[PDB]
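Two forms, one chain: they're shown below as structure tokens, one block per form, named structure 1 and structure 2.
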Structure 1
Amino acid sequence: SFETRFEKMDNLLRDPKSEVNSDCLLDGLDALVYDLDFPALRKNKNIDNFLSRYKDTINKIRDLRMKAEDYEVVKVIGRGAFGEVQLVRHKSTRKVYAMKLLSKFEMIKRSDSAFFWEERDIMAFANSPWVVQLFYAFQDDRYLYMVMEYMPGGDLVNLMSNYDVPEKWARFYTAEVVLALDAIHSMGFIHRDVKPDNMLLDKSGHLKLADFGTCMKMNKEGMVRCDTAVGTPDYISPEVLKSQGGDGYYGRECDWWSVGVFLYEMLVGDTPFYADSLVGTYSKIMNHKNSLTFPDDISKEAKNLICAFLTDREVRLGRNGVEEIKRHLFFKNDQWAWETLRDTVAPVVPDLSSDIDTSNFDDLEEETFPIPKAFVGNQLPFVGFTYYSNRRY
């Protein structure tokens, strides 16, 4: 019917998960005006008149919608090859957030992924105490921006570097990682890059996973088909390392391997497959059966869990689900219960001076695409990244 067609169309403009909602539609026009405003292209009157017709309007839209100059940057609290993370204060609301910026030029200059989409969706829609929340996502001709809740307690790399972690603390952080990974799995994703760097602590000292740039959606059988390896040299599973065009099919057990590496690191002080060279580390993982050893402190149960995860996928703990991990004797304690863990008092409670305290963050210190001679459409792969006008509430 006429009404049905009108309603279906109207719902499509409102749906926060729609490809044609107000955020996508505005991004689409913002892209066109960015990708056409070049003297070479303006020689074409269709383009020249269009740009002149939308001049005043696109300026208004640009000014009203969220932009980088709405944020006062306090400190850079993270860096990477394609971008950086910074502690910011929204000038109007005075609210404090952590903002992850990704260079559009660097992404386009061979990144063979579109990895930012799953990171946006996981944080935007997880709605889990175990996942860092996305409040807003915006962009300009140069960057992508992800306005997240600030985790002032820093990460587990920092914690491990300042403390000789006792077993009771390690039990706590491992248990929270197991619950957090299970939330991600329940959303139908394999993390593929579980490491202390991606384990963040809130004002309360409780864990939340961050950095979802390697997350991939599991298929019907809960599997992923990847021909090229993904993750970190130290925390990567044997199966993700050998993953090729012939084999390259794997499940969520790869995230359980990484937990075993994390546990080993907390209790031993080094990664189990550490070697001088990066290539030496690769050899040691592939030879885990002979290379995994313990120095001459760690309990019977802690050693058992480590070895239960640091095995071949076919005999790995968690191949039969989380309940076999949860029931492992290592977690046996008279302090917390799985179902109530995030309500307990954390082993290390952040002692923070202010809303912008950065004491848990170690002190940190561009080229764009050229002017196109013809239409190239560099803003097109980013249409619909905005999470502002059509948000879930």
Structure 2
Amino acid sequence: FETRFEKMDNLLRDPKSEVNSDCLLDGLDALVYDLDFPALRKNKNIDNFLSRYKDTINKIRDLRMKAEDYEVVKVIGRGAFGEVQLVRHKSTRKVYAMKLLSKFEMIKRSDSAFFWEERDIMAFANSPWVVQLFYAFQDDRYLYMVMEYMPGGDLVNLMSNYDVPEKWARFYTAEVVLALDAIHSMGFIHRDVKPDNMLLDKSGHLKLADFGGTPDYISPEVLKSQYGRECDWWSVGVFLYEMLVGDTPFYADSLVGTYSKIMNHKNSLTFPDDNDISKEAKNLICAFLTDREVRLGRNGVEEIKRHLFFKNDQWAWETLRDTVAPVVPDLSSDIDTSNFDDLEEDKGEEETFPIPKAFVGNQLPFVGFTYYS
């Protein structure tokens, strides 16, 4: 009966716990945002609670991390549920990438739970090959994720600017293998591994970001189901082929043509006559681009790491991150975004949730999102 106090204290300090300090503050913050509407304050219990917690909730919001703590330098990404900005912390002056997710768009589209895996993977992967999330926070309108800035840009940009030789493809594939292993070890399946998720740091080394499938990268077991770690390894094979050949293995003008080439992979997968790809590179691509039942990746990464395609003189698995990367970005400053398409800031007022007549709990799906490193 004395041990209960210690057990509780552990739950409050564990960053992975659903009742840690940040989650409990999120619940109070969410409760105040969801009750503080004129029609709800006609209920005496609600009106009195808000008056009693007014000073402390205002003080908590000011101490806790908020959007105001960061200055927006540029917008480097934009999507249906929000955008990714290059920001500078006002106090420390450190530059970061900050993703914003619109709570209004997520509630409006009954799609308010995809971000949990993204958050957890980047917060807890603790890997040289996974983009790190330093802070997650929120207000009544947005979720925020402060990640390390990757100034090299993505593999989509790299593949369009360069003809990738095998030495480079070996390096990028090996870093993707380690990145996927770190995510799979945590019990997660990335589900949309594609060059868009592969980002390069100031040294030109690859890290996976996790977000959102795409036709060219979709495995046969998905097209015949409308899964395991194998669906991720199919995507690595598509990626290796696209790097070495310049085109995706199952490209077609239409969506249907690509789907049929994917299903008919045993006959559609061909290497061009005008290509001098090694035997071991073709063997690795074919070991991934095969049926789920015999695919490279089912048994784990050790099998992939032992593959002969990765045998080289430059590096070993333990010194891969220590080698000079093939494309090292030349950066003018800590806010250089030359490896990204600069987008414009959208400053216009955005639509918010309908003003409740009774308690609806729009903040409830987001309790527990806050995270401090």
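Here, rigid core means the biggest group of C-alpha atoms that superpose within 1.5 Å across both forms. Numbers given to residues start at 1 and step along the sequence of structure 1.
Visitor: Please look at 319, 142, 203, 75 and say which one has a C-alpha shift reaching 2 Å or more between the two structures, core superposed.
Guide: With the rigid core superposed, the residue that stands out is 319.
Visitor: Rigid core aligned, does the Cα position of residue 329 differ by 2 Å or more between the two structures?
Guide: Yes.
Visitor: For residue 91, is the CA shift between the two structures at least 2 Å following rigid-core superposition?
Guide: No, shifts by less than 2 Å.
Visitor: I want to check residue 128: does it shift between the two structures by 2 Å or more at the Cα, with the core superposed?
Guide: Superposed on the core, residue 128 moves its C-alpha less than 2 Å between the two structures.
Visitor: Once the rigid core is matched, what's the CA displacement of residue 102 between the two structures in angstrom?
Guide: A shift of 0.6 Å at the C-alpha.
Visitor: What is the C-alpha shift for residue 111 between the two structures, rigid core superposed, to one decimal in Å?
Guide: In the core superposition between the two structures, the C-alpha of residue 111 moves 4.5 Å.
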